[PDB]
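Structural features, examined
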Amino acid sequence: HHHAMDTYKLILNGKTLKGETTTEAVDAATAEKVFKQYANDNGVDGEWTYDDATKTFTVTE
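In this view, residue numbering begins from 1 on each chain in the order the sequence is written and may differ from the entry, while residues that lack coordinates are not shown. In computing side-chain properties, one takes all heavy atoms of the structure into account and sets aside hydrogens as well as water.

As stated in the entry header, the method of structure determination is X-ray crystallography and the reported resolution is 1.20 Å.

The way it works is that DSSP assigns letters per residue, a run of H or I at least four long becomes a helix, a run of E at least two long becomes a strand, and they are numbered from the N terminus. Its location among the elements puts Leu 17 in the loop between β1 (6–13) and β2 (18–25). Each residue gets one of three labels from its accessible area relative to the maximum for its type: buried under 20%, exposed over 50%, partly exposed in between, using a 1.4 Å probe on protein chains only. Overall, the relative accessible area of 19% leaves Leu 17 in the buried class. When the C-alpha atoms of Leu 17 and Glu 61 are compared, they prove to be 9.6 Å apart, with 44 residues separating the residues in sequence. Any two residues whose heavy atoms approach within 4.5 Å are treated as being in contact. Once you skip the residues sitting within four places of it in the chain, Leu 17 turns out to touch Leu 12, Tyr 38, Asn 42 and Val 44.

Right, let's get into the pairing of strand β3 (residues 47–51). Strands qualify as paired when DSSP identifies two bridges or more between them. When β3 meets strand β4 (residues 56–60), the two strands line up antiparallel, connected through five bridges. Within β4, the position partnered with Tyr 50 by the bridge is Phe 57. Where β3 hands over to β4, the hairpin turn is made up of four residues, of which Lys 55 adopts a positive phi near 55°.

Of all hydrophobic cores here, the largest spans 11 residues; its members are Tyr 8, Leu 10, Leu 12, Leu 17, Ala 25, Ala 31, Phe 35, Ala 39, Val 44, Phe 57 and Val 59. Sequence-distant contacts of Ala 39, defined by excluding residues within four places in its chain, comprise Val 44 and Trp 48. Definition used in this section: a nonpolar core is a set of buried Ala, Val, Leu, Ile, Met, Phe, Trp, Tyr and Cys residues joined via side-chain atoms within 4.5 Å.

A separate point is the sheet that holds β3. What the four strands build is an open sheet, ordered β2-β1-β4-β3; its pairing is mixed. Where the open sheet ends on each side, the last strands, each with one partner, are β2 and β3. Going from strand to strand, the sheet's axes swing by 20° on average, the running direction of each strand aside. A fitted line through C-alpha atoms represents every axis, and for helices the fit uses only the stretch in contact; the resulting angles, taken between N-to-C directions, go from 0 to 180 degrees.

Structure, rendered in structure tokens:
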């Protein structure tokens, strides 16, 4: 019933930015917006996956 913050992860596999970061949001759609803005701010231009089982986004190339 309570809509908790949940931890979402971002695995970075860009040309110039690699590793992992995280955010908190109530849902995946919001986390995606946060992570895409972060990636774009850092010049990342890649392909994205989302894994619902692990709450993890990945951006590659």
